[PDB]
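Just below is one structure, and these are the notes that go with it.
Reconstructed Cβ throughout: ideal geometry from the backbone, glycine too, with neighbour counts over all protein chains shown. A short reminder: the numbers here are calculations on the coordinates, not readings from a lab.
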Amino acid sequence: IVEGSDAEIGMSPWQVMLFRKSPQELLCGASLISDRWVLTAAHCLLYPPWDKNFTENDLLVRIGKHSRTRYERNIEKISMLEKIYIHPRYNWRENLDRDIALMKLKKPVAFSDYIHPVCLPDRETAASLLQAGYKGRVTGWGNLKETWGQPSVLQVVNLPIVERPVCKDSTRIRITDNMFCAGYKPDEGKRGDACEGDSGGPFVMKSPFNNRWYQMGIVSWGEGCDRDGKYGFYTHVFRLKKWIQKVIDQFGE
Amino acid sequence: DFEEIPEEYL
Amino acid sequence: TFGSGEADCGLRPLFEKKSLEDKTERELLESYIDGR
Ligand SMILES: *[C@@H]1O[C@H](CO)[C@@H](O)[C@H](O)[C@H]1NC(C)=O
């Protein structure tokens with residue numbers, strides 16, 4: 001995150017860390033949607049143009065963390081993957097359309113003060129909150145700047161959803177209905193953005209109706225970090241919810 | 001820079 | 001696990017469960033053209 005702040009303790013108990021076994025390194029963020037399922041961006045696992053093709057065995061999930069590099073003994077829980085599921089139409093060849101994947105844990109995790117799942121939006125939540133000007137929140141242990149570094153604690157930043165045309169005119173990539181963009185305008189005199197390391201994390205909003213936190217987007221792609229006239233792009237979780245339901249009920253939950 | 005994790009996890 | 005998330009989904013043990021607010025959630029609620 002660029003121009004965020006340190007999160008408070010237990011502020012995003014659904015924030016997961018995707019961790020490389022060896023070398024030991026932070027791959028991406030992710031989020032806990034129940035006691036066995038994690039939601040992330042497909043391009044954290046599979047990205048052929050960079051020879052990236054992670055397997056179940058190559059990874060670890062770390063839940064309940066605060067600090068980026070310490071092993072938070074008696075706080076954090078580290079799990080193993082049972083299986084990875086990528087959207088069958090994830091489009092890595094052209095724009096990362098449908099950048100989403102589920103990870104089924106080897107065993108259910110136990111909730112605690114620092115570990116708790118976020119909700120998945122229903123059609124009506126999506127309809128009231130996904131609006132231009134409304135703010136969401138992104139969290140992650142990624143870069144502090146486009147190039148220099150690494151925070152020592154989970155960072156946060158609140159950002160406004162931006163109107164589709166402003167999104168489309170800021171880039172040359174073809175934007176689809178499975179993506180939305182967020183960020184302040186050069187005008188606005190306020191900064192912020194996800195950056196390298198943040199991918200796969202959650203863009204969340206808190207419903208004013210029922211007081212619950214919902215995950216509306218997944219940190220997906222951007223051009224640089226925090227550049228003027230550029231926005232971050234997020235996978236639209238509600239549009240992809242039926243592939244989500246399908247996998248959860250055809251294979252576990 | 002990553003602190004070592006228990007081996008029970010590798 | 002699904003539709004609208006979980007059950008207990010989205011209620012934080014240290015904030016929503018105790019009726020405590022985090023330091024910038026206000027900023028969100030005020031943008032939904034002031035909250036609840
Ligand atoms: C990723 O690796 C798996 C084997 O673990 C392979 O089946 C799949 O073809 C690879 N994805 C490619 C190379 O696009």
Averaged across the residues of C:9-22, what count of C-beta atoms belonging to other chains lies within 10 Å of each residue's C-beta? 6
For a paramagnetic label modelled at 7 Å from the Cα of A:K52 toward its Cβ, which residues of region A:178-205 fall within the zone defined by backbone nitrogen distances under 13 Å? A:195-201
Taking H placed 1.01 Å from N in the peptide plane, check which residues at least 5 places from A:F180 or on another chain put their amide H under 5 Å from its amide H. A:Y234, A:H236
Using θ = phi - 60° and the Karplus curve 6.51 cos²θ - 1.76 cosθ + 1.60, what whole-Hz ³J(HN,Hα) does each residue of region A:57-71 get, with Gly and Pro shown as x? 6, 7, 10, 10, 10, 10, 10, x, 7, 10, 6, 5, 9, 7, 8
Under a straight-distance cross-link criterion of Cα-Cα below 26 Å, which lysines are reachable from A:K185, leaving out those fewer than 8 residues away in the same chain? A:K135, A:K145, A:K168, A:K206, A:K230, C:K23
Using a 10 Å cut-off on Cβ to Cβ distances, tally the other chain neighbours for every residue of A:203-213 and report the average as a whole number. 6
Need the C-alpha centroid separation for region A:70-93 versus region A:1-35, integer Å. 10 Å
How crowded by other chains is A:129-137, given as the mean number of beta carbons from other chains within 10 Å of each beta carbon? 3
Determine the distance separating the Cα centre of region A:203-253 from the Cα centre of region A:125-190; give it in Å without decimals. 11 Å
Hits among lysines - C-alpha to C-alpha of A:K107 under 28 Å, sequence gap 8 or more where chains match: A:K21, A:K52, A:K65, A:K77, A:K83, A:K241, A:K242, A:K246, C:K17
Placing +1 at every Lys and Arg Cβ and -1 at every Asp and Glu Cβ, with all other atoms neutral, what dipole size does chain A have around its Cα centre, in debye to the nearest 20? 480 debye
Mean separation of Cα pairs under 8 Å and 6+ residues apart, divided by the residue count of region A:182-253: what relative contact order is that in percent? 28 percent
In Hz, Karplus ³J(HN,Hα) per residue of region A:30-37 (6.51, -1.76, 1.60; θ = phi - 60°; x = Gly, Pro): 5, 8, 8, 9, 7, 6, 10, 10
Could you tell me the convex hull volume per residue, in Å³, taken over the Cα atoms of the protein assembly as shown? 125 Å³
